[PDB]
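Shown here is one chain on its own, the form deposited without the ligand, set out as structure tokens.
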């Protein structure tokens, strides 16, 4: 199972900060055939970032439309992404489910659209704090994963990301042990619905808060195949996070 480390720059960056950042990133010597390292800049920053990053680095966009080409002002369709040779796309990130009312139905349609166009997809899901305290974690995640999991035809092209919302900006922290449990269950769902071969083939990333300090203990976990890094990916120290997966 090939490790997957992704940098979700989210809504951050300037042409200068990116030029400076990608420069550091490029100094890290790693074998792309042994590790997947993806960077997701802001859509308008894609071209700039892509030119600046060396081939060993994959690039994608933080969101894609559930509709195809057509009258949908402000959207980016998978057809357009394909035409642009954009490799990955993030779908269902909690920030979009939260602020932009994206639903599991949306996540499903977006995934289907992405795959139909040969885009690799990093699909996110997770439970809120309320959901965790009510002890509905497994339940919620099962409903979320089962909302799209039956569309995955190739388990190398779809990467799942567990976002423990209950730990993001709530004063709480997710421990490697806790993530390991959830990951194991997420993988179990995939097995029971797609098969063991698939379940062992698909990468499941930790989408919680990752930093130079906790990355090693997290990646160590059996069912944690890497992570979707937030703010830490906006600093040069991100390479040390990539290193912990080499």
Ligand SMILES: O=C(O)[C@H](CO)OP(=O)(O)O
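Residue numbers count along the first chain shown, from 1.
Here the subject shifts to the form solved in complex with the ligand, a form of this protein not shown in this document.
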Clash check, the ligand transplanted in the entry with it bound by site C-alpha superposition, 2.4 Å backbone/C-beta: open
Contact assignment for the ligand in the entry with it bound, among 80, 151, 168, 138, heavy atom within 4.5 Å: 168
Heavy atom contact within 4.5 Å of the ligand in the entry with it bound, the stretch among 106 to 114, 91 to 99, 170 to 178, 141 to 149: 91 to 99
Residue contact check: residue 231 to the ligand in the entry with it bound, 4.5 Å heavy atom: yes
The ligand contact in the entry with it bound: residue 127, any heavy atom under 4.5 Å: no
The ligand contact at residue 19 in the entry with it bound, heavy atom, 4.5 Å: no
In the entry with it bound, residue 207 touching the ligand (heavy atom, 4.5 Å): yes
Heavy atom contacts to the ligand in the entry with it bound at 4.5 Å, residues of 8 to 22 in sequence order: 8, 10
